[PDB]
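In structure tokens, the next block holds one chain alone, the form deposited in one PDB entry.
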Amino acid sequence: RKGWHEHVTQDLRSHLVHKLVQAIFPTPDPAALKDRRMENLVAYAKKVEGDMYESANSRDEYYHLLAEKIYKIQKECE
């Protein structure tokens, strides 16, 4: 349990999970991507966010390094 974890809400953690999904699929039309397909992307994004949440030593490092991963993915996918 790290000190900075006490100041990060689950709503921020979910928000960054969904930013990772958006980096791969910026137009999440459910006619293009079905229910199980969406759940798979969210499952992978949760592992990526989860690893940063456990390893970061500050709220700034957590947010800015996840933002850097999101932009890296967005570049690779665009």
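A residue's number is simply how far along the shown sequence it sits, counting from 1.
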Average Cα temperature factor in the PDB entry - higher stretch of 43-51, 29-37: 29-37
20-28 versus 60-68 - which carries the larger mean C-alpha B factor in the record: 20-28
B-factor third for the C-alpha atom of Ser14 within its chain: lowest
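As for the form deposited with a partner chain bound, it is not shown, yet the points below apply to it.
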Proximity of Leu20 to its partner chain in the entry with it bound, heavy atoms at 4.5 Å: yes
Its partner chain contact in the entry with it bound: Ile70, any heavy atom under 4.5 Å: yes
Touches its partner chain in the entry with it bound: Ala56 (any heavy atom, 4.5 Å): no
